[PDB]
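> The structure that follows is given in the form of structure tokens.
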Amino acid sequence: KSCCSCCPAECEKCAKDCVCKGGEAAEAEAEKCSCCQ
Ligand SMILES: [Cd+2]
Ligand SMILES: [Cd+2]
Ligand SMILES: [Cd+2]
Ligand SMILES: [Cd+2]
């Protein structure tokens with residue numbers, strides 16, 4: 001598991017800054033966020 005689940009495992013994008021920054025529901029559940037993709 002990446003950190004969240006919205007993004008694969010090695011999203012370079014989160015690897016910096018956890019790009020999704022939901023804060024609360026950071027998980028986001030939706031398998032596939034646009035920021036990391
Ligand atoms: Cd994420
Ligand atoms: Cd990510
Ligand atoms: Cd993350
Ligand atoms: Cd993301």
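Letters A, B, ... mark the chains of the structure tokens in the order given; residue numbers begin at 1 per chain; ligand numbers begin at 1, in order shown.
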Considering only C-alpha atoms, return as a list in words whatever protein or nucleic-acid residues lie within 10 Å of residue 31 in chain A, sequence-local ones (same chain, fewer than 3 positions apart) excluded.
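Listing them by chain and then by number gives residues 4, 5, 6, 7, 8, 27 and 28 of chain A.
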> Pick out the residues no farther than 9 Å from ligand 2, counting only C-alpha atoms and all ligand atoms, and list them as a list in words.
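Protein and nucleic-acid residues within 9 Å of ligand 2: residues 2, 3, 4, 5, 6, 7, 8, 9, 10, 11, 12, 13, 14, 15, 17, 18, 19, 20, 32, 33, 35, 36 and 37 of chain A.
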